[PDB]
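Residue numbers (the authors' numbering): 0 to 151, 153 to 219.
Note that beta-carbon positions come from the ideal geometry of N, C-alpha and C, so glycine has one too.
Notes for the one structure printed next.
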């Protein structure tokens, strides 16, 4: 496609969307550009480049790819298969690489937040930590995850890999099933309303996240 350097620059082919999404710009100084490298109904390749300083513990952006979905109750979803291959050239930073999903009881809730948020951090760089506190450790889909929980009006579970997973194939229903069966997650009254993959920088740079393939589907 082309070039996404504006704060909320965005490109979409229908099924996949790529977003620069510099929502946390004010918390510091720096700049960030995102690019669509290839896109089709079989997946999307993209990259984003950034430098950020200040606000050491605020997130500056979440450049991301996003998949269109039909909004369903989590209890009625059969699978959310996803695969991704990515790399960072500069890992001397304070950032994460993560999936981000939102659910809400109101099917028409705004799709950039919700009653619940599920994050799956494939990589944690430097002195950064998820929302809330670590409440558990669990093996899901063949990887060991720190499980973090916190938040007030929006409750956020974060599964965190202590070692970066640059090649990932999974089913996000594995994570919803675990929260449903062991942490009381109300799957039967929550609608899944958004699914994204991308990177949250805190500080560092310049660095580039190169996503050579992201695929996702909500079934």
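Give the straight-line distance between the Cα atoms of residue i and residue j, rounded to the nearest whole angstrom.
i	j	result
residue 79	residue 66	11 Å
residue 138	residue 144	6 Å
residue 148	residue 217	25 Å
residue 140	residue 163	15 Å
residue 128	residue 94	9 Å
residue 176	residue 130	18 Å
residue 173	residue 77	7 Å
residue 28	residue 57	12 Å
residue 214	residue 16	11 Å
residue 4	residue 10	11 Å
residue 69	residue 156	22 Å
residue 268	residue 22	Residue 268 lies beyond the range of the chain shown here (0 to 219); nothing can be said about it.
Should residue i be labelled buried (16 or more other beta-carbon atoms within 10 Å of its own) or exposed?
i	result
residue 109	exposed
residue 204	buried
residue 63	buried
residue 55	exposed
residue 38	buried
residue 167	exposed
residue 182	exposed
residue 41	exposed
residue 92	buried
residue 1	exposed
residue 219	exposed
residue 33	buried
Between the options, which has its C-alpha nearest residue i's C-alpha?
i	options	result
residue 161	118, 171, 195 and 184	118
residue 189	216, 164, 113 and 170	113
residue 211	90, 198, 175 and 100	198
residue 107	14, 194, 219 and 83	194
residue 84	105, 43 and 124	43
residue 158	100, 186 and 170	100
residue 6	0, 18, 12 and 14	18
residue 133	150, 125, 14 and 51	150
residue 115	124, 35 and 105	105
residue 75	206, 155, 208 and 192	192
residue 135	179, 12, 30 and 26	179
residue 8	61, 25, 125 and 26	61
residue 35	146, 12 and 50	12
residue 121	169, 153, 25 and 73	169
residue 31	14, 59 and 187	59
residue 196	111, 207, 187 and 22	111
residue 208	142, 97, 73 and 48	48
Go ahead and pull the three-state DSSP assignment for residue i.
i	result
residue 1	coil
residue 71	strand
residue 220	Since the displayed the chain opens at 0 and closes at 219, residue 220 lies outside it and no answer follows.
residue 178	helix
residue 162	coil
residue 187	helix
residue 25	helix
Is residue i near the ligand MG - that is, is its Cβ less than 7 Å away from at least one heavy atom of it?
i	result
residue 72	In the structure shown, the ligand MG is absent, as is every other ligand, since no ligand is present at all.
Could you pull out every unbroken beta strand (DSSP E) segment of at least 3 residues lying fully inside the stretch 27-108, listed in chain order?
28-39, 42-52, 62-66, 80-87 and 93-103
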